[PDB]
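Chains as they are written, first to last, in UniProt numbering: chain A, 3 to 130; chain B, 3 to 130. Note that CB positions come from ideal geometry on N, CA and C, so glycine has one too. Following: one structure in structure tokens, then a few remarks.
2 protein chains.
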Amino acid sequence: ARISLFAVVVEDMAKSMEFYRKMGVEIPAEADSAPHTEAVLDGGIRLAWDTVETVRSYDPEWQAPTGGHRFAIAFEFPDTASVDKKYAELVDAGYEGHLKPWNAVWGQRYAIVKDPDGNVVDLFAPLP
Amino acid sequence: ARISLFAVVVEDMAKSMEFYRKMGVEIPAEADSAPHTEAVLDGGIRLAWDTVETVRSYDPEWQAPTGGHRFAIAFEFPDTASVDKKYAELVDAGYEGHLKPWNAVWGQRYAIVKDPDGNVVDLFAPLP
Ligand SMILES: CC1=C(N)C(=O)c2c(COC(N)=O)c3n(c2C1=O)C[C@H](N)[C@@H]3O
Ligand SMILES: CC1=C(N)C(=O)c2c(COC(N)=O)c3n(c2C1=O)C[C@H](N)[C@@H]3O
Numbered sequence: 003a004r005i006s007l008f009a010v011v012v013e014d015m016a017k018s019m020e021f022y023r024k025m026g027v028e029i030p031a032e033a034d035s036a037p038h039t040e041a042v043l044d045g046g047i048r049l050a051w052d053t054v055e056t057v058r059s060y061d062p063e064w065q066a067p068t069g070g071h072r073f074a075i076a077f078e079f080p081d082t083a084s085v086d087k088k089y090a091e092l093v094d095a096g097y098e099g100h101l102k103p104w105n106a107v108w109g110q111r112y113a114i115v116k117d118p119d120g121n122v123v124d125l126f127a128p129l130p
Numbered sequence: 003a004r005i006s007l008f009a010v011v012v013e014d015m016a017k018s019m020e021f022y023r024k025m026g027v028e029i030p031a032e033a034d035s036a037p038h039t040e041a042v043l044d045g046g047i048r049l050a051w052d053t054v055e056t057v058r059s060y061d062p063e064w065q066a067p068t069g070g071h072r073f074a075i076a077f078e079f080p081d082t083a084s085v086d087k088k089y090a091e092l093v094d095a096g097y098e099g100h101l102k103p104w105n106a107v108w109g110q111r112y113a114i115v116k117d118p119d120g121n122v123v124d125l126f127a128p129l130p
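Following this line, the structure appears as structure tokens:
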């Protein structure tokens, strides 16, 4: 078997797409009306989003979680200043800043925001 | 920016690695002792796991969620019978089967298991 796709459950497709569009993700046209949307990553792994309605049609037991994230999506920037700047742009836009940029022990400038559903999105670049 | 990595928070690295090894993922040697492990996917996107201890060193607010998944990892199989068989192998091994194989409305044989931490893992193949 091969990992082909990572999927995220969204309360509101259009609101989630606004966020991922801003992150730079290539979002299919008209995705705001879709029950399921896919973005294509290098190598052809897919990032997909499904509405809650969609999920409950085959997985009615689904309920949102509460509390911390089990997962994160990490976006790489071409330099460390770009991390700080994008963090600032996202907070401005009203997105939740979770952890302001810092120099991480593992050698990257790092910062953490949340998507509209509260999913963890990491911003990073390698340290000089 | 580019999506570079997807990260999962694990309570027990060795137990999570046993699971992902069984799914076919190429796991670095000695990963059971690591605070952070990465697997490489086509195109060079990384799948990473971090221990809870690791996460709390910079994100002490982290707590596990409760209830449903916000995310899933989807593995593709070369044919639909392989879905049923792998589902069975995983349940045998003691992993939680969440939804037994079915023919999904979107045109795939599909099944859902949970990893040791309760994360959702999809098994699928396209329908003839
Ligand atoms: C409308 C629709 C699709 N057109 C689709 O392709 C798909 C996939 C594809 O999944 C895979 N793995 O390729 C999955 N869902 C869907 C879905 O609802 C809902 C599921 N969450 C599932 O992931
Ligand atoms: C020990 C260790 C690393 N060697 C490492 O490389 C890394 C990354 C790399 O992340 C990126 N994006 O490349 C991230 N963490 C770590 C970490 O703890 C902990 C974080 N959760 C973070 O994701």
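Enclosing beta strand (DSSP E) for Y22 of chain A [first to last residue] = In the first sequence, counting from the first residue as 1, residue 22 of chain A sits at position 20. Note, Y22 of chain A: premise wrong, no beta strand (DSSP E); alpha helix (DSSP H) at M15 to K24.
Residue closest to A76 of chain B, alpha-carbon to alpha-carbon, out of B:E32, B:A113 and B:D34 = The count along the second sequence starts at 1 and reaches residue 76 of chain B at position 74. Of the candidates B:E32, B:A113 and B:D34, the one whose C-alpha sits nearest the C-alpha of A76 of chain B is B:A113.
Any chain B beta carbon closer than 8 Å to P128 of chain A = Residue numbering aside, residue 128 of chain A sits at position 126 when the first sequence is read from its first letter. Answer no: the Cβ-Cβ gap between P128 of chain A and chain B never drops below 8 Å.
key: Pairwise C-alpha distance: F126 of chain B and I5 of chain A   = As a position in the first sequence, residue 5 of chain A is number 3, starting the count at 1. As a position in the second sequence, residue 126 of chain B is number 124, starting the count at 1. Taking the straight line joining both Cα atoms gives about 10 Å.
inquiry  = Can you give me the C-alpha to C-alpha distance between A66 of chain A and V54 of chain A, rounded to a whole angstrom?
reply    = In the first sequence, counting from the first residue as 1, residue 66 of chain A sits at position 64. In the first sequence, counting from the first residue as 1, residue 54 of chain A sits at position 52. Rounded to the nearest angstrom, the two C-alpha atoms are 9 Å apart.
request  = Taking the CB atoms as reference points, tell me whether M15 of chain A and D34 of chain A lie closer together than 8 Å.
outcome  = Within the first sequence, residue 15 of chain A is the residue found at index 13, counting from 1. Within the first sequence, residue 34 of chain A is the residue found at index 32, counting from 1. In contact: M15 of chain A and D34 of chain A (Cβ atoms closer than 8 Å).
query = By the criterion of Cβ-Cβ separation under 7 Å, what are the contact partners of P103 of chain B in chain A?
reply = For the purposes of this step, residue 103 of chain B is taken as residue 101 along the second sequence, with counting starting at 1. Going along chain A, no residue has its Cβ under 7 Å from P103 of chain B, so there is no contact; the nearest lies around 12 Å.
ask   = Using a C-beta cutoff of 8 Å, does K88 of chain A count as contacting chain D?
value = The structure shown has no chain D; the protein chains it does contain are A and B.
task = Compare the C-beta of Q110 of chain B with all C-beta atoms of chain A and state if any pair is closer than 8 Å.
result = In the second sequence, residue 110 of chain B corresponds to position 108, counting from 1. Chain A, which has no Cβ nearer than 8 Å to the Cβ of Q110 of chain B, makes this no.
message = Relative to the C-alpha of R72 of chain A, which candidate in B:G26, B:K24, B:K116 and B:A3 has its C-alpha closest?
response = Counting from one through the first sequence, the residue named residue 72 of chain A turns up at place 70. If we check each option's Cα against that of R72 of chain A, B:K116 comes out closest.
Euclidean distance between Cα positions of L129 of chain B and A106 of chain B = Start at 1 with the first residue of the second sequence, and residue 129 of chain B comes out as number 127. Start at 1 with the first residue of the second sequence, and residue 106 of chain B comes out as number 104. Each residue's alpha carbon lies about 9 Å from the other.
task = Output yes or no for whether 8 Å exceeds the beta carbon distance between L92 of chain B and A50 of chain B.
result = Counted from its first residue, the second sequence places residue 92 of chain B at position 90. Counted from its first residue, the second sequence places residue 50 of chain B at position 48. No, they are not a contact pair.
ask   = How is residue 2 of chain A classed by DSSP in three states: helix, strand or coil?
value = What is shown of chain A runs 3 to 130, which leaves residue 2 of chain A out entirely.
message = If we define contact as Cβ-Cβ less than 8 Å, is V93 of chain B a contact residue for chain A?
response = As a first step, residue 93 of chain B must be located in the second sequence, where it is residue number 91. No - not a single Cβ of chain A is within 8 Å of the one on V93 of chain B.
key: DSSP-derived helix/strand/coil call for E98 of chain A   = Taking the first sequence and counting its residues from 1, the one referred to as residue 98 of chain A is at position 96. Residue state, collapsed to three classes: strand.
key: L49 of chain A, enclosing beta strand (DSSP E) - first and last residue   = Mapped onto the first sequence, residue 49 of chain A falls at position 47. From DSSP, the beta strand (DSSP E) with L49 of chain A extends over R48 to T53.
task = For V123 of chain B, collect the residues of the same chain with a Cβ closer than 6 Å to its Cβ; drop the 5 residues on either side in sequence, then sort them by chain order.
result = Position 121 of the second sequence holds residue 123 of chain B. If we look at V123 of chain B and ignore the five residues flanking it on each side, its Cβ neighbours are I75, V115 and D117.
inquiry  = Any heavy atom of ligand 4 inside 7 Å of the beta-carbon of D117 of chain A?
reply    = Among the ligands in the structure shown, ligand 4 does not appear; only ligand 1 and ligand 2 can be found there.
query = Is it true that the CB of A3 of chain A sits closer than 8 Å to the CB of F79 of chain B?
reply = Taking the first residue of the second sequence as position 1, residue 79 of chain B is located at position 77. Taking the first residue of the first sequence as position 1, residue 3 of chain A is located at position 1. Taking 8 Å as the Cβ cut-off, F79 of chain B and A3 of chain A qualify as a contacting pair.
Any non-hydrogen atom of ligand 1 within 7 Å of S84 of chain B CB = Sequence index remark: in the second sequence, residue 84 of chain B carries index 82 (1-based). Outside the cutoff, so no.
task = Following the continuous beta strand (DSSP E) through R4 of chain B, name the residue where it begins and the one where it ends.
result = Translated into positions along the second sequence, residue 4 of chain B becomes position 2. It spans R4 to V12 - the beta strand (DSSP E) in which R4 of chain B sits, taken as one unbroken run.
task = For chain A, find out if any of its Cβ atoms is closer than 8 Å to the Cβ of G99 of chain B; answer yes or no.
result = In the second sequence, the residue the question calls residue 99 of chain B occupies position 97. No - not a single Cβ of chain A is within 8 Å of the one on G99 of chain B.
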